[PDB]
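Trainee: My sequence and its experimental structure, below.
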Amino acid sequence: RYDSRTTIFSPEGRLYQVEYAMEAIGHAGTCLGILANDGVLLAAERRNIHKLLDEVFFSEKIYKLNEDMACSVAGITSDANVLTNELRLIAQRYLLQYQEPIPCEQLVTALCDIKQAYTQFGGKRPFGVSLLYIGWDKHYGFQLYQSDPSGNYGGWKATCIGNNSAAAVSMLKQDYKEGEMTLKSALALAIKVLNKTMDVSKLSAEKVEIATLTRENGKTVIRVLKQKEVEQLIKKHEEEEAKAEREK
Amino acid sequence: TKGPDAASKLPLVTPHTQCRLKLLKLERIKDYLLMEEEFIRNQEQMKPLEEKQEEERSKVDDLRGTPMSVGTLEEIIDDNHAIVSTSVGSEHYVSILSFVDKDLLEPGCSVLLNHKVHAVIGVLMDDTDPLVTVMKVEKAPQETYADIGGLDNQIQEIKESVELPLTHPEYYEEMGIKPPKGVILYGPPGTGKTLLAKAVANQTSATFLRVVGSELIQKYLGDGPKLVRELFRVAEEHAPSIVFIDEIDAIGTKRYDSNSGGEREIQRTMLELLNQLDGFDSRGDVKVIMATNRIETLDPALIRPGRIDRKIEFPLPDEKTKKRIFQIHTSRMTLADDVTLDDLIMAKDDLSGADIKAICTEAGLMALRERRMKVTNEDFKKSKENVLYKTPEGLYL
Amino acid sequence: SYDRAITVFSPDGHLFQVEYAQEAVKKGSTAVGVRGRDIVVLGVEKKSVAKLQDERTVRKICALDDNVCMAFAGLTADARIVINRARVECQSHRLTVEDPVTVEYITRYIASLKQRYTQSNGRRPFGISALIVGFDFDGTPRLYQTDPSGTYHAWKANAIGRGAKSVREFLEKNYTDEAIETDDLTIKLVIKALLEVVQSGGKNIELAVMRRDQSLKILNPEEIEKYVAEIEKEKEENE
Amino acid sequence: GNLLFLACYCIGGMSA
Amino acid sequence: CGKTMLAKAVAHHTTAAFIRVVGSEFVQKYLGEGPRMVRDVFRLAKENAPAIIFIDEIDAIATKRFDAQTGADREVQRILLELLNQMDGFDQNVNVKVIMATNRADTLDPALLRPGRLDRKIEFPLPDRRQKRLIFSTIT
Amino acid sequence: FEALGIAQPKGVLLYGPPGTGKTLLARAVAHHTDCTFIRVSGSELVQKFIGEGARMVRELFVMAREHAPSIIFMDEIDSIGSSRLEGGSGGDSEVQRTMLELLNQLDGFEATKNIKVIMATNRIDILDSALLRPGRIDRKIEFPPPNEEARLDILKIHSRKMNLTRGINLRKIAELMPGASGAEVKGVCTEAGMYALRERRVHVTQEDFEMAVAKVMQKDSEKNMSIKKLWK
Amino acid sequence: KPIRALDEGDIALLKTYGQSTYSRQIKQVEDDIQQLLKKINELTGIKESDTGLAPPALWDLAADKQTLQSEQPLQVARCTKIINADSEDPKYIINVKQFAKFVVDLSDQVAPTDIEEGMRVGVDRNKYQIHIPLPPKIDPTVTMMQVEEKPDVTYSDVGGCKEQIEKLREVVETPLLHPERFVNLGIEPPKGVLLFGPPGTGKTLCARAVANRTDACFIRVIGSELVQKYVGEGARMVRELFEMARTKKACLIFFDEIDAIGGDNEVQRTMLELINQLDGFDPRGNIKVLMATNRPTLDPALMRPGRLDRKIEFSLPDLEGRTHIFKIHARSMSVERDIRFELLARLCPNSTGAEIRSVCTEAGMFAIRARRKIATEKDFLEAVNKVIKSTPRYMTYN
Amino acid sequence: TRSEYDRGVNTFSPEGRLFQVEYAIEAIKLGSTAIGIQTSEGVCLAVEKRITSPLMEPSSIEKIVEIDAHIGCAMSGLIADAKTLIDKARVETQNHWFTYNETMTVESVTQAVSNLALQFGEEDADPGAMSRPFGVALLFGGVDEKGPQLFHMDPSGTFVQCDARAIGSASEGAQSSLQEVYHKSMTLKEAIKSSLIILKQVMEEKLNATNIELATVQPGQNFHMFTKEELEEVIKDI
Ligand SMILES: Nc1ncnc2c1ncn2[C@@H]1O[C@H](COP(=O)(O)OP(=O)(O)OP(=O)(O)O)[C@@H](O)[C@H]1O
Ligand SMILES: Nc1ncnc2c1ncn2[C@@H]1O[C@H](COP(=O)(O)OP(=O)(O)OP(=O)(O)O)[C@@H](O)[C@H]1O
Ligand SMILES: Nc1ncnc2c1ncn2[C@@H]1O[C@H](COP(=O)(O)OP(=O)(O)O)[C@@H](O)[C@H]1O
Ligand SMILES: Nc1ncnc2c1ncn2[C@@H]1O[C@H](COP(=O)(O)OP(=O)(O)O)[C@@H](O)[C@H]1O
Ligand SMILES: [Mg+2]
Ligand SMILES: [Mg+2]
Ligand SMILES: [Mg+2]
């Protein structure tokens, strides 16, 4: 039929290899990014923590790439590492050439040309990876972009990608009041999203990986929440849920 | 030969708001039906007429005996003996009695035979086995071309095929073009093929025979082709007639080398259908209409120009046809003034006539949910995704 | 068979891969360009954003340069790639010749690039059709549809994408010389053309107007409502 | 090759 | 590992009426005969006393359902569907316990592997140490 | 329905994962209706003799029409009506003939009246498009796996006849079932009863339910961490 | 939000309030109309049901009763192997249809010379003695047959097969009307020829055309007719056909769609009968056979040399041929005298002749659509647009 | 089973045919017909428009183009393929005028375009070139030292001098008609009249201004296409 190499065109015009690359992201870990009034936070699921992973890492699903740019990845591990390396290369090449931090849109776009050229020609399989970029630039303040294995991208204020991403996005847009959420409320809403989108009666801070980007003192700080921070936040969430269920 | 059939009552359908114009017309119809009933009850009240010949008829009945079995006159011999097949399938060389109508004897017509020592003692011109009697339409369907939205080209083609030869056909032989013997409607499910067949059966002047395609297949050996032959013989006998075979792909699939007995019988039944389609001249006043969804799976001999010239396409409705269908099905609804119905049509989808009818029904159900009957636009809003169940988002932009 | 090969002619003589690429445009969005006496207008059907998409990065209308603008129908990534290549090439052209790039040259470059992408295995055709518009140095209104067969055609008022045929016939029944006498007349024509397919009105429509070298600004979502108000007023006026 | 087809059955009644 | 032997023992040590069948036996030649046999077996078990239906090699017919594209696969899936609808369908059965043995459970249709149809999915692993000693003793 | 001007809905399809209440809902409808319910569960319409399936469909609908407003339940409709296959040879055609007869009876030339029909399937996607078409099948009702609250209700119906103990928190048990079907919940109740029976008691405790949940919901996972770590 | 099911008061108020004031009257009136319609339908009756009773004075009821009490019925059967009688074993096994098969003997009224394998025979019911052979008779009224002696299709009515018609001429005209050249050339005239090609190419009528110009009668025999209900006796049928072929001065025997036969007990009987008729009849005769097929499924035992001397492929018509067919079919319809049939034939590449006839039919259809008694070139353009083809070819090719 | 050989240009049929190039030849008939006639006074090219929309600008459809003032071109086939061939033709003409400061024979023009063609199965395509046969048939007309000269170029690279050649959709019928129409003593005016008559009896639609493009080459003047008034003049007589 028309399921052959990506440089093929279905009679209906669809790009079947590209379609499968898009769809395969549902097998990856669930991760969302949200944009509060004064910050951008990426939450992600540690799908594989069996018993004996050293956790010798600073973050797994979140890869910082610039003093202004952080990213979350959902897809094949090899393509994830390659995309992160090329991201750092491009961002710092832009820094070297222009001596200004790379704008969000330019960086996301550059990855998108990479991905497109990797499905445009060459007889090579496209990257089966979806990215969530959070960052700041002096043009539009805080920005958050969601990429695509095909090579498309979009600006978003709240976006979940991975397994059970559709229902997570639906309940997120249901529980989103744009322009008026702080970082605390955004974190609480993200935790609600995670609790609803996981197959657990009670999500664990170990399974959850949250990194927050803020701007203060004229500098952008990208920091992953320590286990104490995430455990305190999740216990605040669970006691809030207890109050809510008692009120009903 | 005899004449056509499918009697129908008044269209009525001029008023619908139940404004006693309906009541007056319906009361007139009811009055006429009452005069029917009273007239025939009076005629049966007094009608003494019987006996007369008696003795000769009595002795011919004694000669015939009781019971009398019916068979099919398969072949004739010198004009005292013939070959007649019982309904079982066995045929015998039997004698022909004097009181039979030698002009009526033809290969195929049902013959009354003696129970013992089989011998042709009568001819039955109205055998019409219960199945084929069922396939003949008696009550015309209430749908009509008014109920059909869009499909103006399709209606034009079907009328040019089955109505124009029935009505004044002088254009046909004037141009010298033979009338189109048989027409196949096709398209995606729920486009209106069966609805168009209903509308044809409504505005008709010929015997309409509805068939299911899968109905033709019968368990017993040779029953299938025999039933197909009976159907087409009834069509010719009550000509002019229209033979509608819905879901022709029930038998119309590609012919392949049969292995089992059943598949051989199916091949025989389709071969008999094709032979009967070839049997009558296109100049004859008997037409066929076959509808299907999987046109691509049909045998490319059934749709030959020498067998079925026309091929009517039923595409998914366009936006204007969509709004036409919406207007048609919303005619009996008491829609409010807020409804616009334009948003549903403008949404790029694959709505069909069936889909639009279901959307209207579900909108009515949603209105009944809110204890209302005025049906807001929000009712349609919900109903659209209620009934429309099931390209990766931003890939194409 | 003969369909899964970009560079194999069918027995009847067709390049079926290129035809499939051509058809892939029809699954995009409606984009119509109308050239006026002193204006060139581009109307594009805008997808409705559900609740969160940032519309500042959903650009369906873009300008290759000051004197050239364009609308696309097809997959976004191909359009972005060809946009980058063509705008870089425009700057290279101005490196070579120092005069502003004419519409015909950039259109021919885009068509040649698509053709070279549609001439060997291991290279997928650019499944995008682009309506380019612009004024030359002397300000002649020009408009060209470029097609993934790597070709172009100079239309006075063309439509691409889904529903391209409907808008095309609307223009054929509506395109008149007097209809481009003023900018507002062309605006009325393009608004009616867009409303022919996008019956919602209000939003879901993006308009771009380029006059004699003003570096066109896309119509902000305040005066387009005024334009559809004028259209409705005229419609109720005639009847 | 991978045909593996089922089989139907059409009886013929017979008697005299 | 002992599946068919455990079934043999259960048949020996029971007052129930035992209907031993094998999955490949269900797949008949004539169209619709397989599902008819399934219906006949379950009807017989129902009409008799508390009965046991043992279907050795259930993966003959109960492999995971898929988009069958030919008559044979369609008929096999029809047999599987008839088995499902007979086991836990509209008309519930009373005192009819079914036993089915397979070597590859992971290939079975999930509709067959749900409670109400197959309440207990007992694994028969290879003998482990102590079990090996018991086997050696009881065969020696 | 007449006053609204709408057409009377005819068919309904119950589709969902294996074991959610579809057959249970049909049983309930049969129990709580005055209509002459008809159980025509799939593959009963597939006879060896040619054309007999279509004949039985015709007789079924004629007989339903002869009786009062009737309900026909086609359980596992996936069997006969799945999808018309191209051509014959090895393709299935007799079953497709029966399916086509069923389609025509459902919505054909005759337009049957008061023959509401219910069909059930675990795989709606593979059903023929001409069968899922509205007007033949309206209200394609989906039976999703029960959520936490619904699981609590299901536990409470299936634990109604048990001999519970004071201090039982069925809510915790329902929370112990991420995405478990109702059939699995009933199986959990049965296994808890079995655990109580093993110790020759009559009451069941919370730990009995916990280990019943562990046993019933047990499923084989991806042993190879390398395979499981392909995706991020 | 949990929606509330309608309660009894809800249902009662729904049926009223928002109702037309005439609801009860109208619905009741419609119900009585339907009831009265069913009343009339059940009471009107059936009527005759008039059996085939002859007019009186044609009745010999006395003799009819005599025949009823004297004459006896005979079941018919297909006689099978003769068992090599030689006047001492005259038994034959006969198959009475779907009934059984019995080995029986003759009645005294029939000689064994009248009985042979494969003929329908009427026999008694207990001894099953073959009482009378029942030849199936030959008549164009039954089935379909040659039904033609001098076809009305002439050499001017055929186009697009110039090489094919030339080959056919060499096949049939040269040996039939010019036997002297074959005789003095000392070469056996072509005993067998096959005409293979796709359906609708025109094959049949081509032979029919030469059948008009060969001064010999044309024979049409349909293989499906041999394989459908008219199976079995068909062998004997063609026997008689071949027999009548011998009776006439010259017969152009041709079998339509031999694929139904060339690719089955009685079918094989008909085949072997054809083999005997061809290989047995003297090749010097004048009843030369014309063979045609769509699927070159023919048994290898057929085209062995001495049975099929020549093969002719009927390919799709060319530009000249297609335009000739267009003009030929336009001769029979009311069109203008300035139609560019070359244009249309160009517009119909790889189109069968039957397709061309259908195109003309659709042109007439479109002319009727506009109620114009003269079809125009526009009408033919829409007809070819519809039939043929059942942006891409204009936005890339120019 | 022909199907095993139509896949790829580098395959030989059992009859030793080039099925791929034959399909490329058939791809011409998808294009519109082009007629070129050669006479003593010059060479004239008439091409249809096959317009799709009235809104289509006539200039955009280029069924006749000039390689040089002295030489005119007609093409039938893929428009992008034709444009590449035509740009190569103009480049090679400019190359000859650079090296020799002279205008080449049209025979040399077809020679160089042919070397651009028939390169599909050549190893020199490593930097990038045609991997498939070219999909346009060409018609060269001009006036050189040998007087008027007309050549017809086949996509396989075959070139033939022709007194009159019709290619495109209606190649066969137009060629057959010219076979009887053509006389070696044709004058330019009568030649153009005959060409327009052939178009009339070959065209699908009525001959108006916006269906026919027309070009002339004579030893005196250069390549000349008929302007709107000029084509109106050449169309009023017919
Ligand atoms: N053009 C139309 N206008 C109004 N109603 C329509 C139209 N087309 C279809 N419908 C509605 O669709 C319903 C079902 O249509 P119909 O029975 O003709 O289907 P079909 O297209 O023949 O499909 P199938 O043969 O696959 O069942 C009709 O009862 C009618 O109400
Ligand atoms: N929501 C529920 N409430 C109560 N009991 C339930 C529920 N879901 C399932 N069950 C019980 O679990 C079993 C499920 O079997 P059932 O056949 O009724 O389900 P189903 O979804 O129709 O399955 P199948 O796909 O096999 O038809 C039954 O014994 C039923 O009593
Ligand atoms: N637990 C056991 N005790 C005694 N013999 C055993 C045991 N398990 C296996 N066997 C031996 O192995 C065979 C097991 O057959 P079985 O396991 O029933 O086949 P399957 O597993 O394919 O149904 C028996 O014939 C028996 O001789
Ligand atoms: N050479 C021809 N001359 C005239 N008519 C032709 C020719 N070829 C085909 N036809 C048309 O094709 C139609 C069908 O031809 P037919 O002989 O039935 O096809 P086949 O050869 O398959 O039997 C005829 O009605 C005839 O009008
Ligand atoms: Mg229908
Ligand atoms: Mg075993
Ligand atoms: Mg069930």
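Mentor: Looks like it arrived, so ask away. Numbering: from 1, shown residues only, chains lettered A, B, ... in the order given. Ligands and ions are numbered 1, 2, ... in the order given.

Trainee: I'd like to know how many residues surround the closest residue to chain D within chain A.
Mentor: Closest to chain D within chain A is residue A:1: 18.3 Å, counting by Cβ to the nearest Cβ. For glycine as for every other residue, the C-beta is placed from the backbone atoms N, C-alpha and C. Neighbourhood size, residue A:1 [other Cβ atoms under 10 Å in any protein chain shown]: 9.

Trainee: Same question for residue G:230.
Mentor: Residues near residue G:230, counting by other Cβ under 10 Å: 17.

Trainee: Give me the contact list for the lengthiest helix in chain F.
Mentor: Ranked by number of residues, the top helix in chain F under DSSP state H is helix F:182-198. Contact with helix F:182-198 is made by E:88, E:114-117, E:119, F:18-21, F:24, F:145-146, F:150-151, F:154-155, F:158-159, F:162, F:173-174, F:177, F:180, F:202-205, F:208-209, F:211-213, F:215-217, as judged by Cβ atoms under 8 Å, 6 or more residues apart in numbering or on different chains.

Trainee: which parts of the next helix or strand after that helix are buried?
Mentor: With elements assigned by DSSP states H and E, the helix or strand that comes after helix F:182-198 is helix F:206-216. Residues of helix F:206-216 classed as buried: F:208-210, F:212-213, F:215-216 (neighbour count, 16 or more other Cβ atoms under 10 Å in any protein chain shown).

Trainee: Save those residues as a markdown table, and put in distance to residue B:366 too.
Mentor: Output for the buried residues of helix F:206-216, formatted as a markdown table (distance: Cβ to Cβ, whole Å):
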| residue | distance to residue B:366 |
| --- | --- |
| F:208 | 46 |
| F:209 | 41 |
| F:210 | 44 |
| F:212 | 42 |
| F:213 | 40 |
| F:215 | 45 |
| F:216 | 39 |
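
Trainee: So residue A:35: helix, strand or coil?
Mentor: strand (DSSP: H, G, I helix; E, B strand; the rest coil).

Trainee: and it, how many neighbours?
Mentor: 24.

Trainee: Is it possible to mark the buried ones in the contacts of helix F:182-198?
Mentor: For these, a burial check counting by 16+ other Cβ under 10 Å picks out E:88, E:114-117, F:18-21, F:24, F:145-146, F:151, F:154-155, F:158-159, F:162, F:173-174, F:177, F:180, F:204-205, F:208-209, F:212-213, F:215-217.

Trainee: Keep only those of those that are in helices.
Mentor: Among the buried ones among the contacts of helix F:182-198, the members falling in helices (DSSP H) are E:88, F:24, F:151, F:154-155, F:158, F:173-174, F:208-209, F:212-213, F:215-216.

Trainee: and which of the residues you listed is nearest residue C:146?
Mentor: Set against residue C:146, the nearest of these by Cβ to Cβ is residue F:151 (58.2 Å).

Trainee: For residue E:17, give me phi and psi.
Mentor: With angles defined as degrees, to the nearest 10, residue E:17 sits at phi -80, psi 130.

Trainee: Okay, and the beta partners of it?
Mentor: residue E:51 (DSSP bridges).

Trainee: thinking again about what came up before, export the ones in helices among the buried ones among the contacts of helix F:182-198 to JSON lines and tack on distance to ligand 5?
Mentor: Shown next, in JSON lines, are these (distance: Cβ to the ion, whole Å):
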{"residue": "E:88", "distance to ligand 5": "35"}
{"residue": "F:24", "distance to ligand 5": "33"}
{"residue": "F:151", "distance to ligand 5": "42"}
{"residue": "F:154", "distance to ligand 5": "41"}
{"residue": "F:155", "distance to ligand 5": "46"}
{"residue": "F:158", "distance to ligand 5": "44"}
{"residue": "F:173", "distance to ligand 5": "50"}
{"residue": "F:174", "distance to ligand 5": "46"}
{"residue": "F:208", "distance to ligand 5": "56"}
{"residue": "F:209", "distance to ligand 5": "53"}
{"residue": "F:212", "distance to ligand 5": "51"}
{"residue": "F:213", "distance to ligand 5": "49"}
{"residue": "F:215", "distance to ligand 5": "51"}
{"residue": "F:216", "distance to ligand 5": "46"}
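
Trainee: Grab the nearest non-local neighbour of residue G:218.
Mentor: Once flanking residues are discounted, residue G:218 sits nearest to residue G:211: 3.5 Å by Cβ to Cβ, 6 or more residues apart in numbering or on different chains.
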